[PDB]
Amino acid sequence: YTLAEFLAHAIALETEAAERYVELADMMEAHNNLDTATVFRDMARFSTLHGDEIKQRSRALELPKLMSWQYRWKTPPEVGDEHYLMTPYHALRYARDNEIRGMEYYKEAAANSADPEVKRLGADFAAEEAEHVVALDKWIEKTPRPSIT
């Protein structure tokens, strides 16, 4: 809604993405899925760069403290309580789900906010997140499906 609120969301979304992607990179690497690990390093790096841009913008404003559910990635499928996310197919899909949630926040903000800057950044940020979803879709396509057991 407001630009302060929007920038708080954007920073939180990016801080979260950086952490979650490093974590996924680490897991890919540890099981020698080096290509997928690198997709996630790239994404974690984009988070840092983009987050830094948003942080420069936000120096002008007093930002609200957000609640965790406003920005955290959704918890993944809960089996058997603990792995599933160690396979590339499942990590990529998890990452994609949350890329989409971030995209949707940006699109919703750009549509419903009266502040033209929120409209502008929301649209810009949504378009870029959309390119991430498309890129992850291309990966998921080429990624073989694992079997349980």
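Don't overthink the numbering: it's just position in the shown sequence, from 1.
- According to the entry, the deposited sequence runs straight from residue 62 to residue 63 with no unmodelled residues in between.
- Between 140-148 and 4-12, the higher mean Cα B-factor belongs to 140-148.
- Among all modelled residues in its chain, residue 26 ranks in the middle third by Cα B-factor.
- Among the modelled residues of its chain, residue 70 has a C-alpha B-factor that falls in the middle third, as given in the PDB entry.
- For residue 50, the recorded CA B-factor ranks within the highest third of the chain. Only modelled residues enter the ranking.
- Among the modelled residues of the chain, residue 88 sits in the middle third by CA temperature factor in this PDB entry.
- The PDB entry assigns residue 35 a C-alpha temperature factor belonging to the lowest third of its chain's modelled residues.
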